[PDB]
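Input: a single structure, listed below in structure tokens.
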Amino acid sequence: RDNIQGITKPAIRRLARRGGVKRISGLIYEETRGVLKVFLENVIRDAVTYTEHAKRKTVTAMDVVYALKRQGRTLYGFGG
Amino acid sequence: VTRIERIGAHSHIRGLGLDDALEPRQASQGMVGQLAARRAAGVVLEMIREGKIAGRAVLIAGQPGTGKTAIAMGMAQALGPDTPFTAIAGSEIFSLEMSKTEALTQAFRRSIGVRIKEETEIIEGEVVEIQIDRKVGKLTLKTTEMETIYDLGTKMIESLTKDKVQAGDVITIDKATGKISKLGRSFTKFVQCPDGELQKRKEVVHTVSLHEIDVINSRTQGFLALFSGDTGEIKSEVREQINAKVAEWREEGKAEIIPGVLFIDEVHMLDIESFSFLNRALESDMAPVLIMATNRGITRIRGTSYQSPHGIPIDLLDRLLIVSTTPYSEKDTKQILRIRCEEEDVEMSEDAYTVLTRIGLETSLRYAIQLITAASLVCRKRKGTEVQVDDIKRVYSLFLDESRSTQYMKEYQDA
Amino acid sequence: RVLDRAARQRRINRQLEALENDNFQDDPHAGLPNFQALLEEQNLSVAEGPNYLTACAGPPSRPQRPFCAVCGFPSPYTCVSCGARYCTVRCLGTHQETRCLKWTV
DNA sequence: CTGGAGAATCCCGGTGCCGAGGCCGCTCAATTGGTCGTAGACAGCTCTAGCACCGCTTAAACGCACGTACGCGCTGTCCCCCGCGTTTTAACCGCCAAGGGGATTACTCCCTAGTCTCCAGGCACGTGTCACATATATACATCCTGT
DNA sequence: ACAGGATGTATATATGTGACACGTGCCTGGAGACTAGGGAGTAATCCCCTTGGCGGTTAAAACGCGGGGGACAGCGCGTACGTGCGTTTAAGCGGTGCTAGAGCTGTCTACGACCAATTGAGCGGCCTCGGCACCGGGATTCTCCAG
Ligand SMILES: Nc1ncnc2c1ncn2[C@@H]1O[C@H](COP(=O)(O)OP(=O)(O)O)[C@@H](O)[C@H]1O
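Residue numbers (this note's numbering), protein chains in the order written: chain C, 94 to 173; chain R, 8 to 422; chain Y, 11 to 115.
Here it is in structure tokens:
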């Protein structure tokens, strides 16, 4: 598959602009892609564990909320 | 799962079961009984490892099936690698592309190894970048501990342009020749990068036999031994000077010879012309200590109506040592059957063991060893776990033997 | 990263210049308390023909020896930072911790 | 440092779209009323630390003096990101079959687990030694002195 | 020059901490017999989707290019921080030597916990319609030469 490139250069540029950055290096995109991939992999692993425990086939949004809560990234707006 | 080599007829044999004083144990290393012949095998093996008194022949006589080949396989296993053990049947010398005498001397040479030491330097790392300026360039190699650049000379740039090797490939570079070899693309074919130093001196030793040297020094790219394209090397012109040059390598510090071992099975197939050649080929310095076996007694010699022991002329019979093997008893046969079962995954009962030992003492030993696996599989047919007496009886009924099949010939067939 | 070739050449030149600094190679203080000019006296109007300019030997025919920069032994390797050759991994480490893109000697 | 354009915002008024709010109607869950064992609070009692010193010893913090080495600014110039216009492309559709994949609800039932015993053995506590650290006779062992 | 005393000094032996291993007793697990309730295990409902292949269309990417203005290194140089050092300050390593104040034990209530009623929040289900979200200007307000 290898669709990690879905997070394209303009997306990372907008994410940086929102963060106060006004000038980005060329090698920043391949590093941001890997960082985001690791963060995802972790959160999705936690969510898939929570889902398998519940004997459910669908990864509910509350499972993602709990997975983020484990990493300290408490996300309000989806149930908790 | 299953390798090219499987459970053959001599797998249980792991070597000679002798002590430090060449005293055979009752049963060890897969060799049961056969005390006298096994210790004689030990003596010949010791005098072979010595490698001073060359040009000796031994003949393992005995009744058919009395471990005559088992002793040879055990000697081969005990001698271990790094020592040529050439095993050929008496029928293999009869060749159309070469004369029997030439094939025999070829086997002799094959049964003699030459030890040579090398001090080449081998590189082992991973490619980081390859450059080409149409010509000179630079090469950067990487290992888990260091990285370095390299100036791509004519030979290096040419070889790396001919080969598709590129950045990110664990490779080896013999600075002597420059042979490039890639063991796997990358991190995970793929394989990790090497460790330690990038360039390190490595000693290499090659136990090349006189046969290999002769074939290497006979023609332009004369290394055609892989298919034996050669019909016979030039005796006394390219075969005697190689001996002198090897002797020059010796007594100087360049090379040392390793006495091999030859095992001609079923020597009674050799004709009188082959025996005549052995009478003189076993009197030279570069002659291996060979062993042989024959199940026949005083039979006819292939070539004339003369009768002689082993079908071998008297002139050669008085030139070798005979090693007779005695017939096995109930104990030895039962222990051999047990070792054979241990070699495989079969596990027979005690009563089954007794029945199989009786069946193997009635007709012959090899018949029981063959029925072992048949009964093992018939047990798995009834969905059992242990080979009982009933399975062995069913097999004995299904599969016949030599003596019982010959007696069933009460109906005349073709002739 | 990797250093350019200008930096390596400047390092080589400055080291060769230090190799002829006779007064004091590192710190020429050692106490502060007809005055002709320096070698400039002729280095400013270098003549032609037989002179210290044309008297140079030139490039040799024997290729440079690949000797280590740390211990002074043969060095089949070359550091990517500044090209300084090294013999073993220990040499590369002792170099990187003493000479690198940041330090010269 | 102004002009002089020139885009970009950005007031400001306009207008339907649709979420926000509200109202209705039950369901369920918090209240009521009352009984019933604990929780823990409080009144002693014990004795363990905690605190408070004091003295002797000396490591250590410390100030000073004194270079060297590293920090900062400057400079040059030279690569590599920005701004912006063009070709590419993927992301939205829309299409055209015919039905299920799976959370959600629900009802038996039944193994599993609480509760609550009585015990007895296995783990906190007291005591017996043994490995490393300490302080001291000692048999020579090196200057000093009669000689 | 020597024969013997007058001091050192590692060397070998009996005495101080610690930490493991052992040995009793008393709490905490284990063992057993009842009694739910919880959860498993089908069996039904309601979602609203489901996939392949493929045609179409618009903007978000994707790419080209110029070029500018920043990212790097070199140069220099002037503080400034580490490096000894001589001083002195005060930690700390053992002591003594009280007293709060943990830690406990016991006692005995108020305080929860059910619990069976009772019932009114509160939750979903519709309806409605102001309120944000976007159009359309029209001023304004930065940005960028260009002088
Ligand atoms: N000493 C031994 N130990 C174990 N097995 C043996 C021994 N001697 C003989 N055998 C078995 O008995 C069989 C005898 O056959 P083999 O020796 O090959 O006959 P021949 O030597 O005549 O060709 C072999 O298959 C071997 O497995």
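We treat Cβ as the ideally placed atom computed from N, Cα and C, and that holds for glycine.
At a cut-off of 7 Å between C-beta atoms, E133(R) does not count as an interface residue with respect to chain Y.
Here the distance from the Cβ of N302(R) to the nearest heavy atom of ligand 1 is below 6 Å. For the pair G175(R) and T150(R), the CB atoms are not nearer than the 7 Å cut-off. Residue-level contact by beta carbon fails for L111(Y) and chain R, as no gap is shorter than 7 Å. Contacts with chain R at 7 Å (Cβ-Cβ) do not include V115(Y). Beta-carbon to beta-carbon, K341(R) and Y360(R) are separated by about 6 Å, close enough to satisfy the 8 Å threshold.
For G49(R), the Cβ stays outside the 6 Å cut-off from all heavy atoms of ligand 1. Sequence-distant Cβ neighbours of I346(R) in its own chain, meaning closer than 6 Å and more than five residues away, are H19, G37. In the three-state reduction of the DSSP assignment, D140(R) falls in the strand class.
In this structure, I379(R) has its beta carbon at no less than 6 Å from each heavy atom of ligand 1.
Straight through space, the alpha carbons of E337(R) and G203(R) are spaced by roughly 59 Å. For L66(R), the number of other beta carbons within 10 angstroms of its own is at least 16, and it is reported as buried.
Residue contact check for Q377(R) against chain Y: no CB pair falls below 7 Å. In the structure shown, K124(R) adopts extended strand secondary structure according to DSSP, grouped into three states.
Taking the Cβ of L372(R) as the reference point, at least one heavy atom of ligand 1 falls within a distance shorter than 6 Å. Rounded to the nearest angstrom, the gap between the Cα atoms of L103(R) and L111(R) is 13 Å. Residues of the segment 67-91 of chain Y that bring their beta carbon within less than 8 Å of a beta carbon in chain R comprise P86, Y87, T88, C89, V90, in sequence order. A heavy atom of ligand 1 is found nearer than 6 Å to the CB of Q41(R). If you draw a straight line from the Cα of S412(R) to the Cα of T370(R), it comes to about 11 Å.
Taken in chain order, the whole beta strand (DSSP E) runs of length 3 or more contained in the segment 70-107 of chain Y number zero. Against chain Y, the CB of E154(R) has a partner CB under 7 Å away; the residue lies at that interface.
Collapsing the DSSP output to three states places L25(R) in a strand. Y157(R) has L146(R) as its beta-bridge partners, per DSSP.
Judged by their CB atoms, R117(R) and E263(R) are not nearer to each other than the 7 Å cut-off. Apart from the 5 residues on each side of it in sequence, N302(R) sits with its Cβ closer than 6 Å to the Cβ of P71 in its chain, given in chain order. In this structure, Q206(R) lies away from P76(Y), with their beta-carbon atoms at least 7 Å apart. Exposure of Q98(C) is indicated by the presence of fewer than 16 other C-beta atoms within 10 angstroms of its C-beta.
Exclusion of the five residues before and after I156(R) leaves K145, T147 as the residues of its chain whose Cβ lies within less than 6 Å of its Cβ. Look at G74(R): its beta carbon is less than 6 Å from one of the heavy atoms in ligand 1. Beta-bridge analysis with DSSP links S412(R) to no other residue.
The straight-line gap separating the alpha-carbon atoms of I298(R) and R287(R) is approximately 16 Å. Looking at the backbone, the Cα of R208(R) and that of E259(R) are separated by about 23 Å. In the pairwise beta carbon analysis, the segment 38-47 of chain R is classified as touching the segment 19-30 of chain R: at least three pairs are separated by under 8 Å. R106(C) and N23(Y) have their C-alpha atoms some 44 Å from each other. Separation of the CB atoms of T104(Y) and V80(Y) is rounded to 5 Å, and the pair is thereby assigned contact status at 8 Å. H317(R) sits in coil when the DSSP states are folded into three classes, being neither helix nor strand.
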